[PDB]
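Report on the structure given below.
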Amino acid sequence: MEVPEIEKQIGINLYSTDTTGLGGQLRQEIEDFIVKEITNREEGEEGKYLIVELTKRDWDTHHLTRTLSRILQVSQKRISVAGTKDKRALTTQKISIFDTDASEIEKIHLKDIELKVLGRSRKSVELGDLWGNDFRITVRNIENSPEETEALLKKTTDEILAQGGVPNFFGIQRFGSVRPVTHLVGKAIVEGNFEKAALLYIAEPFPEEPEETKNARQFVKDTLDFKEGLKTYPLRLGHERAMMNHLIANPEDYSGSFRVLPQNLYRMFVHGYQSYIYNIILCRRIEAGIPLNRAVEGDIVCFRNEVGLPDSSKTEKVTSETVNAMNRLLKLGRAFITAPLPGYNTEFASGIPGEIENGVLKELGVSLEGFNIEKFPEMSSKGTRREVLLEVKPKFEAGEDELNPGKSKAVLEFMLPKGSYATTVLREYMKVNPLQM
């Protein structure tokens, strides 16, 4: 088949499913993307925190909270969410509001916003206080008929249901906010180059950015005139600006140009390059014909940390004897085949899977001894071992779409746990450019 360069530039280069790309488009209509949160907490009747179910239509969370904070005259902090839902969509979620009574929110009537009291609690709603998110996505404008699409959906589903779900690939958005350069920067540092790792972040324009800022980076990218850059770069880019300043007093000090950014990107770059390698590996293994929900000799799995979450801490290695027991646990949801996120404390697997892992680090010319940045040790990671399959059991629904006469539409509704993304599920169903998505 065919995969966009955009996705091949970040390790991904195929599809666990051999079905045809459903194609089509998304977010054509606000209601075409419904996301309903699943809570993991309970509230009572007491507490200085009012808990409300927020339903918003085509609203940006920051904007909403900034609106409610003005109406209730409290700081933005007093209103928190468990997780930020998409603006262009119809989304429901739980939130908390400090020192506010039920009756007050019954008098607030904003456009495309619905507020419903759930109760009260002595505890605010912190990022993470939710189990998962129910989805109801709708793909429209497919070059197929309702009949040829429903059948196309059932096949894509079947393989999925059989393989256990969809690959746990690192989305194109994970490598960068608006510009996916993290992995590109983490690769230069490892190799030792700081002249490029710093420039790739300071400059290096992308077709996603406005031709204005796009021309600001392009400028210093071929002139290295950081003095001008600190004059053209919009204040919006604090990190890039902070770095150019360090380069005005300390010339050619690209090595320490990273000591201006907090612990955020500080380690995101290296983690990116890791996610990159991890993608490739996950593919090569999908090519080798070794499924993601079945163990083999020296496959290396993980177990849930007694919290219902797979952790790269306790990782038992499967052998020629425990193989029968390992696979038996997978179908019981107590183990998961994992893939390596290269570092300096990585434990390659053995057998066929071990060959794949070593075959990716080989062609890539990767060096485990390289994940120890000399200039920035704090920036050097030892590696981890993320799972491979992303549990998912979708339910499709095909048909004719009114908005696009002659074309068909698909209603994909499933659910994911906090930390996972819907694009990861959609890609196997639409198999289209991540930007056309």
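Here, A, B, ... name the chains of the structure tokens in the order displayed, residue numbers run from 1 inside each chain, and ligands are numbered from 1 in the same displayed order.
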
Task: alpha helix (DSSP H) per DSSP on the backbone: members of segment 200-430 of chain A, as a ChimeraX atom specification - done: /A:200-202,213-223,226-232,238-249,263-287,323-330,352-363,423-430

Determine, for each residue of segment 178-274 of chain A having at least one atom at most 12 Å from an atom of segment 11-24 of chain A, the closest pair of atoms and their separation in Å to one decimal, counting only C-alpha atoms; order by chain and ascending number, as CSV.
residue,atom,partner,partner_atom,distance
A:183,CA,A:11,CA,10.0
A:184,CA,A:11,CA,11.5
A:272,CA,A:11,CA,10.8
A:273,CA,A:11,CA,9.6
A:274,CA,A:11,CA,10.1

TODO: Quick one: everything within 12 Å of residue 162 of chain A, counting only C-alpha atoms, minus sequence neighbours fewer than 5 positions away in the same chain. Send it as a PyMOL selection string.
DONE: chain A and resi 16-17+154-157+291-294+331+389+391-394

Open item on the list: Quick one: residues within 12 Å of residue 397 of chain A, only C-alpha atoms, excluding same-chain residues fewer than 5 positions away - as a PyMOL selection string?
Closed with: chain A and resi 136-139+146-147+149-154+157+408-414

- [ ] Check the smallest atom-to-atom distance from each of A:179, A:108, A:432, A:387 to residue 70 of chain A using only C-alpha atoms, then report the winner.
- [x] A:108
